[PDB]
Every structure is written in structure tokens, then in C-alpha cells.
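This report concerns only the one structure given below.
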Amino acid sequence: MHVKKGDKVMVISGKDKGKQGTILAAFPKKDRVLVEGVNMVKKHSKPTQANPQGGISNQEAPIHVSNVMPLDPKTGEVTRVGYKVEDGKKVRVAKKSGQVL
Amino acid sequence: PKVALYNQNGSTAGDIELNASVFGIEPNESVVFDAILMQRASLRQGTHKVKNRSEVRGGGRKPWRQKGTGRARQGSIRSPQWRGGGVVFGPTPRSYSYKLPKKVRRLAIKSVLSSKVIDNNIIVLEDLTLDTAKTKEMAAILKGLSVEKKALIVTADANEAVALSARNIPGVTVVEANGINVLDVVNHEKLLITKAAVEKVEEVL
Amino acid sequence: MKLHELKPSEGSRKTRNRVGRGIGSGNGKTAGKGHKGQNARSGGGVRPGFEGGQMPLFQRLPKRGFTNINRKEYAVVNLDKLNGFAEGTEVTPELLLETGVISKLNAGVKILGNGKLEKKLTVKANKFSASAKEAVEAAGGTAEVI
RNA sequence: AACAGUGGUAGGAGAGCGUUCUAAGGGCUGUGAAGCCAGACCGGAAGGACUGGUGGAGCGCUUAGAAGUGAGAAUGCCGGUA
RNA sequence: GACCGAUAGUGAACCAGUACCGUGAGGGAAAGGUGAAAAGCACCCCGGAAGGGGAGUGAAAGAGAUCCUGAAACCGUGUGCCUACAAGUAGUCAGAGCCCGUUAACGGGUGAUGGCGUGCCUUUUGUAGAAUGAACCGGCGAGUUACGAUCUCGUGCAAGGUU
RNA sequence: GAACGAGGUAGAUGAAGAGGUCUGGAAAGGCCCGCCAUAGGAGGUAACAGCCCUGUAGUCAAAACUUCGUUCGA
């Protein structure tokens, strides 16, 4: 998929729209991706093993990657992606821009 | 049969005489109807089958003795009124095509073409040359001609070059001079015809 | 036309007769096949020539004579047809084929004498009727038999 | 306008109503479609609207086409409940 | 694909030739749908639990593990009118009284009392029939298709028509 | 009993709008504007997407096996 773990990212659709975020999760098994500060589900928690807690937890939930695109590293706006080869290894190139990743 | 001539960029030249035997003919309502119906029916491929009682993987044994039981006297399990199925007089693979007389088909194509001519939606476009496959060139051509709705374009020689440009945009069709029919004509409400194809179809008919 | 007002040739359309659906259209319970007859049951028809055991008419009647392989059936053409050709022309079976007056040469063309003819011809046919020969001779042609 | 007629089984003939899909034209639909539930509306009938409630994404109208097209009974089959 | 859309379509959309039945050859089922994401109910109270009531999530909790919609038979709870001197194919047409107020129209519900009146279907000369079938509700369930023939109708041509 | 062209088996590259605004839980929908199109196939995307993603039209790709065409008599 176009997005990769550890990217700076902006979301397209949903309650949360066009909010900047950083990525640490990925589920190519089902094409879902987790961004920080989006899909704030409030989970109900019964205690985990010896954890002496009963409480309401606020944490990320994964969104479908189709609702996601990256940014141009030059102009910051939100743009489509393209593939190019830079001296052997392939790389990701955003459209309407020569910069990579 | 004296419709005006048009250039690529909308410039109009001296009008062109058309064979009245093909374009001035009074259209035949009924013959056009049957001609439409003809290939409209023949186009469908009609592939459908449903398992008759004989071929339902089962049946066989008499479910219970003929008499001496409080239930209805019955046959094998796979029978029409049963839940187990086995349809009766269902669909079957069959062709929905036939043939019409040569005179009838010629009259039909002539009638539809003459109908378009009298309705004054024919536009003869001599020498539809195009140097590139790009679509927006031909989109600009259509805009210049004020071709808004569906359309059909026939150009005999430029088919190779122009078909790629036209085929996507937006539901218009490029056909060769031999590919004219009744639906492909009627359905598109606007016929673009190059002069070489004019006289070619004229000779054919 | 445009498709969105298609109308057939009126009088050239009829809905099917869906027998055996309800009473309002007649042909209900019985499906228009009477009551409990042999004719009223599926595949209940009888042999078309059957006559209830009374021996059918064909079998009561006798047989007639033979037919043989040999048989010269000649494509008949009357004098009335010959008028369509110009004055002074030669008419022969091969020409008749292209002109379409006969669609099957068969054993051979044969001229029959019904019609009125006034033209000069050289007629080439496999057979001639007695009246037809003198008719074309009076017309001024020559009936020469192939 | 006049005149006459208009019970009906087996049957023959003609008019239509509705259903599922398919083409052409039109457009209805999260400002709530389909389906379901309730109304004291319309037509000669098969039937069709209108207004509410439910429901939460699909669907009528127009002309033509093709049918797995219309159930109350078959000691019918299946499922559910007396 | 003018083929089906979970009684359909393969028997089998789902751990099916399985469960199950038979000694064996063999026969042979039923069973799809939470939500967009489990965010699938923290915590409190009744309760032994199950199951509830709150609280919270979510666009919806009437959405809570047959969990999208949720018809009818069937079973209940409140109720407006009527009913213990009347026998009723249960209705219809008259009709007082009481109650309600509509897709506003010579309105709606109930109806003390009077007249008339033996269900439906098949099969029969004849059925209320003591002749037959239906316990009730829902679904499914029967004159088509191919190839020829013939006739009417509609077409294009016509002494030719036609592949 | 060789090397030669074309395929087959894994794949690669692949244009154009988070356009504004309205409702809404969520725009792919309504209104007003743009762009690509040899690509308006299909599917998914919190509702109906040519321009969001996978992809699609075209253009390429083979270490190893594998199927097709050119060399070695009267």
C-alpha cells in the first residue's frame, strides 16, 4: 500500500478530516492503518491479569487506508503517490513533486 | 437530400447531394420496429438452465408404501411440489435469434437513415483526419460541432486512428462503414458521416 | 423513430392465452379441457388417424398403383411468359435460368401453348406442345426441338 | 341522438389489471427508497394513490420486450403455532 | 449472462456427502446477515447464577451474540360499547341507546330488538348435506420449450418469393 | 543432435480534484467550479467515485522450466 509504517500522514474522510498525524501501525492483511488522534474509541476495560484496574480507556482504532494519503515533503499539501527508482532500490515519489517518500 | 457539409473546426462548405433512393425514402414505421426488435432480441445470449425432476441428484425410492399410512400417496423425494425441488417447465438454453429478408433489412436501414435526414440531425464531416490518439482533440471537435448528446461516427479509413480517441468519450461509438445497423443508428440520435463513407454506403445500398 | 415510443404494427401482436389461472378469464379449474375425459389428461391424445377401433378410412380403402424411378418432369413454361423477351431474340434454357422464368431446369424446358404471342423468336426447348409449336410458327419464330 | 339488449355451467371471442427482469426517455431517493404496520381516499374489476408510524439504502413513472407471472383446497411438501 | 439470490441456486454459500438411518449395497438432511470500526457493554444495584434495572459506546441498545427488516397463525395486558329468559353457517338490511371525531362525508366503533338466511371446493341428474378435502398461518406448487405442420392476423416483395 | 522470434508460468510502470459549499454519524450524494482520458473495466473506500486505494488503457520484464517456426530418378 502507498502508506508505510512511520510516515507523516493526513486523513481524507470520516469525522476526522484532513488532520495531520504520524503513523505507527499497519495491517496489510486487511488494509487498515492506525493514526494518532483519530477514531478515539473509548474501550471498556476489565482487569488484565494482575492489573488492579477497572476503567475507561481512550486509545487509537485503525482506519481503512483508502481514507488516507501522504503529503508533499516540499509544499506540505496532500498529494497522490508515484513509484520511481533512485540508483538501484525503488523509492516512493509524490506526484506533482520530485522529492521522495 | 441536400444537407450541408461541415469541416473539422465547424466551417461549413457547399452542401452535398445525397442519394434520394437511400435518404429521401419515406421511413417505414413498422419495418423499422421489427428491425429494431430483430437484433435487440438476437443480441441476448440466452444461457439459462434449471434442474428438471430427472436430474436433481436423488429421487429413486418410493418414500413410503402406497397404502396403509395416513400420509398422501407420494413418489420420489425430488418431485415438483416437494421442498426438495425439481422445477417444472423452467428455462432452457435457447437462441433468441432469427433472420429477416434482404429487402426488409435494406428497407429498414434506408428508412432509419432517411428518418434522421428529415429530422435534420445528420452532419456530414468530410475527411475526419486526426494525427493523434488523444481524446480531448475529438472532444474539442464535438464541441465545435455542437454535438452534446449521444452520437455515432463512421469514418472508414480514419477508424484506425480515431477509434482510440473516441471510444472512451463518453459513450460515443466509432464504427466502420460496414458496421451500420438499426440500433447503433437510432440509439445515438446524431450521426457523424464522412463523405467517403457517404458514397461508400451509397454504393452498398 | 426513437426507442422510447416504440409501437408495433397494430394487429400484429397478441398476448398468450395463459390457460388455467383463475376463473375470471374462463378456462379455470378445467383449463378448457372438459371433465375427466381421456382427452383431458396429460398426453391423453390419440393417434391422429384413430377412429375408436372402428377401422380407419385409409385402412378400409384399397391401395393404388406404383411409382418408378424414371420420370422426366419438365419445367413448364407457357407462351404468355415468352412475351417478356424482346423482338428477334434467341431463347434457350441457359438464358431462361438467368432471366428467372424457370428456377429449376429439371429434365428440360417444355413450351406449352396457353397465351397470346406476337414476336419473332428462335426458340430452343426440349419439348413442344402441338398447339405451342404452331403458335410460335404463326408468331413468326421457328420451333426447333433440342 | 334514437332503438334494442346486457342470468349463466362445459365451452368459444374480446377487453384489460398486477408481478420479476431487459432496453430507450424522463427523475425519486439519508431533507429517509424498498419492505412492513394503520387510516374514514380514487377506479367498473383485476387494482392505484395520498397521510402518518416503523425501517435504514436503494426505486417508481413512460413505451416496448421476454417470462420460473398471479393459489384455497391436490388425505400436496417444508417450517412455525394451536 | 433480458441465469438464481438462502424452501431459490449444486445434496452441500455455513468444517456436507457431514450429522443421522441401515449389517450392507445405499439413502441422506437442517443451518447465510450485530456494527463502519468490537468501540461487544467499565462501574453500581436485585439476584446463587441465569436474567434484569441503571451508567457508558455508538448514527441507532427498540443493535447485546438467530444480532439488519421482523408479516401471519398463536399467546397475553389495559381498556370505549354490549352481554346471565335465550338456542341460530354468526352475517347482511333495518335499527334505539352509548362512545369517538375522519384521506370531511348524505362520518367511525359498539350495537338492545325485528326481517331474511343450511360455509367453501370437487364430483354429480341431484350436495346444507349424514358423499369427498382442508387443524390454522407463511412459503413453494401444475398446459411451457425445441423442431415441423396448418390457419388467422401484420409486414417486404410480388408471377415471383427465398436462402 | 545447437543458437535463433513469439508466448506460458512470479511481476513491474501506469493520467487527472482531501476543489469550494449544503445536509449528514460518515460524501462517493445536492449546488457552483476544474482536470485526465489509447485509462468512463471491476472491486473496496463509514452513503451512489474516470480524477481516494487496489487497479484499468497502453508500455515493459525471466535466473529456472515449458509450447510453437529456421540450422543438420526416367
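To be explicit about the labels: the chains of the C-alpha cells are called A, B, and onward in the order shown, and within each one the residues are counted from 1, while ligands get numbers from 1 in the order they are shown.
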With a cut-off of 10 Å and counting only C-alpha atoms, select all residues of chain C in contact with chain B and give the selection as an NGL selection string.
:C and (1-4 or 6-10 or 12)
Show me a table, sorted first by chain and then by increasing residue number, of the residues of segment 85-170 of chain B having an atom at most 9 Å from segment 52-68 of chain D, each with its shortest atom pair and the distance in Å to one decimal, counting only C-alpha atoms (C1' of nucleotides) and written as a tab-separated table.
residue	atom	partner	partner_atom	distance
B:87	CA	D:68	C1'	7.8
B:88	CA	D:68	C1'	8.3
B:89	CA	D:68	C1'	7.6
B:90	CA	D:68	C1'	5.2
B:91	CA	D:68	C1'	6.7
For the structure I just gave you, how does DSSP split segment 119-204 of chain B - specifically, which residues are alpha helix (DSSP H)? Reply as a PyMOL selection string.
chain B and resi 119+135-145+159-167+183-186+195-204
Emit the selected residues as a short mmCIF file (atom, residue, chain, number, x, y, z; two decimals), in the first residue's frame, including C-alpha atoms.
data_model
loop_
_atom_site.label_atom_id
_atom_site.label_comp_id
_atom_site.auth_asym_id
_atom_site.auth_seq_id
_atom_site.Cartn_x
_atom_site.Cartn_y
_atom_site.Cartn_z
CA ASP B 119 -35.24 15.21 -38.78
CA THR B 135 -9.36 12.05 -26.84
CA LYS B 136 -9.66 15.73 -25.96
CA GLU B 137 -8.85 16.62 -29.57
CA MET B 138 -12.02 14.84 -30.69
CA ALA B 139 -13.88 16.21 -27.67
CA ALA B 140 -13.00 19.68 -28.94
CA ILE B 141 -14.16 18.58 -32.39
CA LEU B 142 -17.54 17.55 -30.99
CA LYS B 143 -17.82 20.79 -29.02
CA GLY B 144 -17.08 22.76 -32.18
CA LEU B 145 -19.79 20.81 -33.99
CA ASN B 159 -11.19 4.37 -37.93
CA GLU B 160 -7.75 3.03 -37.03
CA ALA B 161 -6.56 6.39 -35.71
CA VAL B 162 -9.82 7.86 -34.43
CA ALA B 163 -11.39 4.86 -32.68
CA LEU B 164 -9.00 5.03 -29.73
CA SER B 165 -9.65 8.74 -29.29
CA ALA B 166 -13.42 8.35 -29.49
CA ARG B 167 -14.17 5.09 -27.70
CA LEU B 183 -29.94 0.19 -33.11
CA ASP B 184 -26.44 1.60 -33.41
CA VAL B 185 -28.03 4.30 -35.58
CA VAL B 186 -31.22 5.04 -33.64
CA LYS B 195 -18.03 11.89 -47.32
CA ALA B 196 -16.01 8.85 -48.39
CA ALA B 197 -18.30 6.76 -46.22
CA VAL B 198 -21.29 8.67 -47.66
CA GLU B 199 -20.60 7.44 -51.16
CA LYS B 200 -19.40 4.05 -49.90
CA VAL B 201 -22.67 3.31 -48.10
CA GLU B 202 -24.44 4.88 -51.08
CA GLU B 203 -22.83 2.33 -53.39
CA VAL B 204 -23.51 -0.52 -50.95
#
Within 8 Å of chain E, which residues of chain B show up when using only C-alpha atoms (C1' of nucleotides), listed as a list in words?
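So the contacting residues turn out to be residues 30, 31, 44, 45, 46, 47, 48, 49, 57, 80, 81, 82, 83, 84, 88, 89, 90, 91, 92, 101, 103 and 104 of chain B.
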Taking 4 positions as the minimum chain separation for residues in the same chain, which residues sit within 7 Å of residue 33 of chain A when counting only C-alpha atoms (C1' of nucleotides)? Answer as a ChimeraX atom specification.
/A:25-27,62-65
I need the residues from that last selection saved to file as a short mmCIF file (atom, residue, chain, number, x, y, z; two decimals), in the first residue's frame (with C-alpha atoms), if you can.
data_model
loop_
_atom_site.label_atom_id
_atom_site.label_comp_id
_atom_site.auth_asym_id
_atom_site.auth_seq_id
_atom_site.Cartn_x
_atom_site.Cartn_y
_atom_site.Cartn_z
CA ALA A 25 0.66 0.60 12.76
CA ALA A 26 -0.21 -1.28 9.59
CA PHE A 27 -2.47 -4.20 8.70
CA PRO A 62 -7.45 1.53 12.92
CA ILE A 63 -8.96 3.20 9.86
CA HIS A 64 -9.20 1.96 6.29
CA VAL A 65 -6.16 3.06 4.30
#
Just list the residues in segment 68-139 of chain C DSSP gives strand (DSSP E) on the backbone, as a PyMOL selection string.
chain C and resi 75-78+89-91+109-112+121-125+127-128
Skipping near chain neighbours, those fewer than 4 positions away, what residues fall within 12 Å of residue 93 of chain E using only C-alpha atoms (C1' of nucleotides), listed as a ChimeraX atom specification?
/E:114-117
Contact residues (chain A, partner chain F, 6 Å, only C-alpha atoms (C1' of nucleotides)) as a PyMOL selection string:
chain A and resi 12+14+66
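Atom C1' of residue 61 of chain F is positioned 23.8 Å from atom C1' of residue 41 of chain F.
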Should the cut-off be 7 Å, what would the residue list for chain E against chain A look like, counting only C-alpha atoms (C1' of nucleotides), as a ChimeraX atom specification?
/E:39,42,57
Hey, can you spit out that residue selection with N, CA, C and O atoms (P, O5', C5', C4', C3', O3' and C1' of nucleotides) as a PDB file, in the first residue's frame?
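Full text of part-v5.pdb as output:
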ATOM      1  P     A E  39     -12.094  -3.925  20.603  1.00  0.00           P
ATOM      2  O5'   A E  39     -12.520  -2.427  20.945  1.00  0.00           O
ATOM      3  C5'   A E  39     -13.346  -1.692  20.054  1.00  0.00           C
ATOM      4  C4'   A E  39     -14.055  -0.546  20.729  1.00  0.00           C
ATOM      5  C3'   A E  39     -15.250  -0.920  21.597  1.00  0.00           C
ATOM      6  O3'   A E  39     -14.895  -1.301  22.912  1.00  0.00           O
ATOM      7  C1'   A E  39     -15.902   0.752  20.087  1.00  0.00           C
ATOM      8  P     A E  42     -19.280  -4.002  31.767  1.00  0.00           P
ATOM      9  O5'   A E  42     -18.063  -3.316  32.527  1.00  0.00           O
ATOM     10  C5'   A E  42     -16.734  -3.454  32.047  1.00  0.00           C
ATOM     11  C4'   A E  42     -15.851  -2.338  32.543  1.00  0.00           C
ATOM     12  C3'   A E  42     -15.984  -1.992  34.018  1.00  0.00           C
ATOM     13  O3'   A E  42     -15.253  -2.858  34.866  1.00  0.00           O
ATOM     14  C1'   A E  42     -16.073  -0.011  32.746  1.00  0.00           C
ATOM     15  P     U E  57     -20.620   7.875  26.145  1.00  0.00           P
ATOM     16  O5'   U E  57     -20.255   6.579  25.297  1.00  0.00           O
ATOM     17  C5'   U E  57     -18.903   6.239  25.026  1.00  0.00           C
ATOM     18  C4'   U E  57     -18.810   5.115  24.028  1.00  0.00           C
ATOM     19  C3'   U E  57     -19.472   5.379  22.688  1.00  0.00           C
ATOM     20  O3'   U E  57     -18.614   6.085  21.811  1.00  0.00           O
ATOM     21  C1'   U E  57     -20.092   3.231  23.491  1.00  0.00           C
TER      22        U E  57
END
Could you list, as a ChimeraX atom specification, the residues of chain F having an atom within 8 Å of chain B when counting only C-alpha atoms (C1' of nucleotides)?
/F:37-38,40
How would the residues just chosen look if you wrote them out with N, CA and C atoms (P, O5', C5', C4', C3', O3' and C1' of nucleotides) as a PDB file, in the first residue's frame?
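Below is the file out_19.pdb, written as the result:
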ATOM      1  P     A F  37      -4.810  13.282 -21.281  1.00  0.00           P
ATOM      2  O5'   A F  37      -5.854  12.085 -21.372  1.00  0.00           O
ATOM      3  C5'   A F  37      -5.481  10.765 -21.007  1.00  0.00           C
ATOM      4  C4'   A F  37      -6.662   9.831 -21.041  1.00  0.00           C
ATOM      5  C3'   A F  37      -7.340   9.681 -22.391  1.00  0.00           C
ATOM      6  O3'   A F  37      -6.687   8.736 -23.218  1.00  0.00           O
ATOM      7  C1'   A F  37      -8.974  10.068 -20.729  1.00  0.00           C
ATOM      8  P     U F  38      -5.617   9.216 -24.314  1.00  0.00           P
ATOM      9  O5'   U F  38      -5.658   8.064 -25.410  1.00  0.00           O
ATOM     10  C5'   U F  38      -6.901   7.582 -25.905  1.00  0.00           C
ATOM     11  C4'   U F  38      -6.988   6.081 -25.822  1.00  0.00           C
ATOM     12  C3'   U F  38      -6.685   5.492 -24.448  1.00  0.00           C
ATOM     13  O3'   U F  38      -7.505   4.347 -24.223  1.00  0.00           O
ATOM     14  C1'   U F  38      -5.147   4.645 -26.030  1.00  0.00           C
ATOM     15  P     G F  40     -11.049   2.503 -17.767  1.00  0.00           P
ATOM     16  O5'   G F  40     -12.153   3.213 -16.866  1.00  0.00           O
ATOM     17  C5'   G F  40     -12.698   4.478 -17.227  1.00  0.00           C
ATOM     18  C4'   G F  40     -14.189   4.391 -17.439  1.00  0.00           C
ATOM     19  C3'   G F  40     -14.630   4.128 -18.877  1.00  0.00           C
ATOM     20  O3'   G F  40     -15.802   3.314 -18.875  1.00  0.00           O
ATOM     21  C1'   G F  40     -15.592   6.133 -18.126  1.00  0.00           C
TER      22        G F  40
END
Using atom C1' of residue 44 of chain D and atom CA of residue 25 of chain C as the two end points, give the distance in Å to one decimal.
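We find that atom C1' of residue 44 of chain D and atom CA of residue 25 of chain C lie 16.3 Å from each other.
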Find the residues in chain D near chain B: any atom within 7 Å counts, using only C-alpha atoms (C1' of nucleotides). Write them as a PyMOL selection string.
chain D and resi 68+75-78
